[PDB]
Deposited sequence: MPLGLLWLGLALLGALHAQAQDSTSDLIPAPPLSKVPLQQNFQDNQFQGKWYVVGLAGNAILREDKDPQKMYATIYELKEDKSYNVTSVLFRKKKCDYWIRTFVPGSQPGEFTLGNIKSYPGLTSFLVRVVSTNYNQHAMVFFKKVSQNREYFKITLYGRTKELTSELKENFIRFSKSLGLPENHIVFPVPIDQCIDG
């Protein structure tokens, strides 16, 4: 009825040392996507952007913008700070039907170029996980993308569960 690559132990997912929320705020482009529910379809995903607004209460108003059939779809959610800096939970998690658990963890970032962020959730009793490769520009180096693929494979994800959204100019600018 369902077959999912197991979610990795959170020991296999690093946390960015001394996470600086003021440095991380702003728009990132989703340069890479990987996870147990992600599948690479050659018949290819369009690039979408995500803007992290560091609010005065130190929460993030996360607004994602994607181009879809054929309009600018905006989806806005709230990430509230977790136990330690660099970790977040979903604001108003109870309002999402089926969603019982949700965690965000910033794996690594230099704030001005690249970032890797780990997502894990329990939806309908099924544990899903995802790693997103963020980029300040709509393109990154092969060094950056190769490290993302390497990190994805270390969490048990094969190549067809690792995708690189095609750059576009609509909505995300």
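Go through the deposited sequence from residue 1 and tell me which stretches lack C-alpha coordinates, in order.
Coordinates drop out over 1-23, 67, 198.
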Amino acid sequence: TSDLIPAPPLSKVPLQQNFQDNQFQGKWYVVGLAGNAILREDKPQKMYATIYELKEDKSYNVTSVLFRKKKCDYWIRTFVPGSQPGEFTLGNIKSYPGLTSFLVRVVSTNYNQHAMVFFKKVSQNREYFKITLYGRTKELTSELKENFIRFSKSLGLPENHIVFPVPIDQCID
From here on, numbers count along this sequence of modelled residues.
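Determine, for stretches 82-90 and 69-77, which one has the higher mean CA B-factor as deposited.
The stretch with the larger average C-alpha B-factor is 69-77.
When the Cα temperature factors in the entry are averaged, is it 118-126 or 136-144 that ends up higher?
It is 136-144.
Lowest, middle or highest third: which one holds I38 when the chain's residues are ordered by CA B-factor from the entry?
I38: CA B-factor falls in the middle third of its chain.
CA B-factor ranking of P9, expressed as a third of its chain:
Ranked within chain, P9 CA B lands in the middle tercile.
What third of the chain does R105 rank in for C-alpha temperature factor, lowest, middle or highest?
Its C-alpha B-factor, which the entry lists for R105, ranks in the lowest third among residues of this chain.
Hey, what third does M47 fall into on Cα B-factor, ranked over its chain?
Answer is highest: the recorded C-alpha B-factor places it there.
Split the chain's modelled residues into thirds by Cα B-factor; is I131 in the lowest, middle or highest one?
Lowest third of the chain for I131's C-alpha B-factor.
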